[PDB]
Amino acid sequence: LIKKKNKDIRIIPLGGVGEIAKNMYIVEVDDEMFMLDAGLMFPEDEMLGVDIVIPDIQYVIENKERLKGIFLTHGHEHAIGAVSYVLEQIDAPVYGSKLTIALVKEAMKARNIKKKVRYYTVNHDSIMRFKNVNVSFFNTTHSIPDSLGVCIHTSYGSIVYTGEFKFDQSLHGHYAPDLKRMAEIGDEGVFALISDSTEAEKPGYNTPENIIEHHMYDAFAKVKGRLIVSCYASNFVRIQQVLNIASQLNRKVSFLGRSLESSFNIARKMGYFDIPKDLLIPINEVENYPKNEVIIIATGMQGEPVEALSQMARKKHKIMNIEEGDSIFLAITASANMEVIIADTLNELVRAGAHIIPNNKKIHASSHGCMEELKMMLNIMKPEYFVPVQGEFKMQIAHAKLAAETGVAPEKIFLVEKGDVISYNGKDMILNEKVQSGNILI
């Protein structure tokens, strides 16, 4: 519900536009400022070495007095990766789901930041109140559980930020969408919608996750020897899928040494995963079992999951190496930037004499909605104004075209770069100002 009659609305992207951010979107209602997400970016191609890129928050610092909070949609590193670095320079309350807050806390622990932080755990029923506006939330479907959309209630209508999202008819736990809550927000009136454009260029729909799990099952069932599956640590659904399959094929699961990935292990201890007892075994205990009774999972982030298999195929891995008659499956989705290292690794896999489980080319796997899924969000929301984010310029354009198709006025669709300022007086929406933005390498 709306608290007061508002005057000024400003929307500023400091990350996540013209790039696969590294998400950070600043929303201002009158004298109050809100930051939606704070992601990092891994440097793209170029030269391999440096670890991370974060947004320039100089505009936020100059107006730190007005920052009422930081709102985090999900626990991925493109959403919460730069939070610690923001919290060093500014002190603001952090809002997120139960899992997201846990993952942020771990990030602060890992950087040995002992500074006290005000954490507020939110859910789809939470309604956070401020001087000028009320903020509500709704569940979204993503590769990680407890992802939320943010709804800022103003007199002009709702400012909605989707975060990264999808629409899958097979995911229905803490991955479930809030169709009712979304529909309500739409009917009460959405002033401006800020949505994910990552897969805006791909027509149609994502392949439903259950179809993917089924095809993995049928493929894994044929494996007579050892099986090694490569995954992103970010993709909890794919991880949950192989755990299900291993249980059904009476195999047991082992992660690469020497311990477990932090995000996975936090979510596991909070009960987000469905894991039978003694399904997981330590990597040192793998030799005790016959080759056909183990599934080894290689997880990573930057693109190592592929690199790890290269190190295994080429007898150079510090923990475990590939032996002839081993089976390999890539449970990932390949960026054009990683087409080359997959091709090289596959070759080395074949030279080691490993069986390559082929990826179904009819399958399109993504954490982000395709054209029709994005139009789905647009049809439910029915925004007056649209601001496509989370994509390169070509991706943003594609998302804009989708919006126009759903009935959003072309005049009211805005394509922006980092530092651009979208302002609303009460009559006209204008892009007339530009603030400090950029990339900070770390």
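One rule holds for the numbers: they count along the sequence shown, beginning at 1.
Undergrad: Looking at the entry, does 196 to 204 or 328 to 336 show the higher mean C-alpha B-factor?
TA: Stretch with the higher mean C-alpha B-factor: 328 to 336.
Undergrad: Look up the CA B-factors in the entry and say which stretch, 81 to 89 or 256 to 264, has the higher mean.
TA: Stretch with the higher mean C-alpha B-factor: 256 to 264.
Undergrad: Report the option among 76, 180, 317, 238 whose CA atom has the maximum B-factor in the deposited record.
TA: If I rank 76, 180, 317, 238 by C-alpha B-factor, first place goes to 317.
Undergrad: Please work out which residue in 131, 291, 166, 351 has the highest C-alpha B-factor recorded for this crystal structure.
TA: Comparing C-alpha B-factors across 131, 291, 166, 351, the maximum falls on 291.
Undergrad: Considering only modelled residues of the same chain, in which third does the CA B-factor of residue 286 rank: lowest, middle or highest?
TA: Highest third of the chain for residue 286's C-alpha B-factor.
Undergrad: Going by the recorded CA B-factors, say which third of the chain residue 26 sits in, lowest, middle or highest.
TA: For residue 26, whose C-alpha B-factor we compare with every modelled residue in the chain, the answer is the lowest third.
Undergrad: According to the PDB entry, is the CA B factor of residue 375 in the bottom, middle or top third of its chain, that is, lowest, middle or highest?
TA: For residue 375, the deposited C-alpha B-factor lands in the lowest third.
Undergrad: When the modelled residues of the chain are sorted by Cα temperature factor, does residue 54 land in the lowest, middle or highest third?
TA: According to the entry, residue 54 has a C-alpha B-factor in the chain's highest third.
Undergrad: Can you tell me which third, lowest, middle or highest, the CA B-factor of residue 298 falls into for its chain?
TA: CA B-factor rank for residue 298: middle third.
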